[PDB]
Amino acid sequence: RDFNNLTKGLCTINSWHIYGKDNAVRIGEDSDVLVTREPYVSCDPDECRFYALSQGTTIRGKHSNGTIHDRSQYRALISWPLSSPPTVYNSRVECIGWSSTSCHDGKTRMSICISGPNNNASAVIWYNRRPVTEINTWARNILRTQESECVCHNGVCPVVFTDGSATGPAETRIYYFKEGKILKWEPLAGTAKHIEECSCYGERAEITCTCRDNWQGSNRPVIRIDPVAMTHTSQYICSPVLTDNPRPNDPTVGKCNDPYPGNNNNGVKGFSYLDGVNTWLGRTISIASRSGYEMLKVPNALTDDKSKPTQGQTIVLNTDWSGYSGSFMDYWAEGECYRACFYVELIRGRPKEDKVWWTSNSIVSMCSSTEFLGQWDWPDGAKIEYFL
């Protein structure tokens, strides 16, 4: 109809209720489910769907051998109905590639897929299910993007990309697209020293992205974008409640403009809702691996370097595998506010479970409630032994 505009603020998050879960690996043990990773959730005005990067093979198929690898010519961004698994028969390919993002602007959807060898990748921007724009690698070192949904405001849908090293300074750019065409792009600015896989959401005409400093920081870099002025700033979450993984143990004081040191060259896609006292951070429970998952209310996390949790909710037990996590919201729901939501990728297989030769995942997602709901834990649920 008309372009959606971020006119509401966030609903108060007092707890998280279950939204979707596909139990993909469980079901896929005996049905035609595609091997995936790097999933996310994204809504259209009339439907919300699961998204992920297929590996071009089923979990039980012999070609599932080797799916731990990230970039091949057999990957593609696919979407399928909420809470269903990604099967060969219900998955809709949005585009071909090994890195992506996607978002609906109110009129139609923009999907971006990047493909290519490490030194010659290229992004192709799709709008209304048609290829419209292409961007060639600028640093010739794995051009890559969010791996979660982008956000639009009056037709402008900014997207963060990084090209260059993952263990040293790199070339991050913020592209502002409208109808799949480039309106403008900026280099990254602010104090964030390295950006990877930004998780974004929008409220009151401002887009907030919590990303991953793969180089030095265990605290998360944040990129706040103004989609009208088409400008942005960058810093880190000030809070000592560190949310990357692997990471050191929490200090009593965090860092606002530098990576918090302790772990180099590694991390995990993650997210947060930074909204004054209505601030919640997601993180793996384990400081060593992608194990477990919890949400912690840390009032003023973004700007208070001594902020510690005041409430929390466990999502996945530390005795269960987790993985990537990102934000999305249904900007077309009824009501006066935007209900924050997120998904957690539950990785199964390699490298942690090497008795199988594949790597895949299932998805669990939650959204906020103004009630103070009881909590449950949501594991993947598959028994690796069955796949042997």
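The first residue of the shown sequence is 1; numbering continues from there.
Legend: mean Cα B-factor per stretch from the PDB entry, 32 to 40 versus 65 to 73; the higher mean is in 65 to 73. The stretch 255 to 263 shows the higher mean C-alpha B-factor when 113 to 121 is compared against 255 to 263 in the entry.
Remark: of 137, 148, 79, 83, 137 shows the highest value [criterion: C-alpha B-factor in the PDB entry]. The entry lists a Cα temperature factor for residue 215 that places it in the highest third of the chain's modelled residues. For residue 355, the recorded CA temperature factor ranks within the highest third of the chain's modelled residues. Remark: residue 299 belongs to the middle third of its chain, ranked by C-alpha B-factor as recorded. For residue 245, the recorded CA B-factor ranks within the middle third of the chain. Only modelled residues enter the ranking. Split the chain's modelled residues into thirds by C-alpha temperature factor. Residue 132 is in the lowest one.
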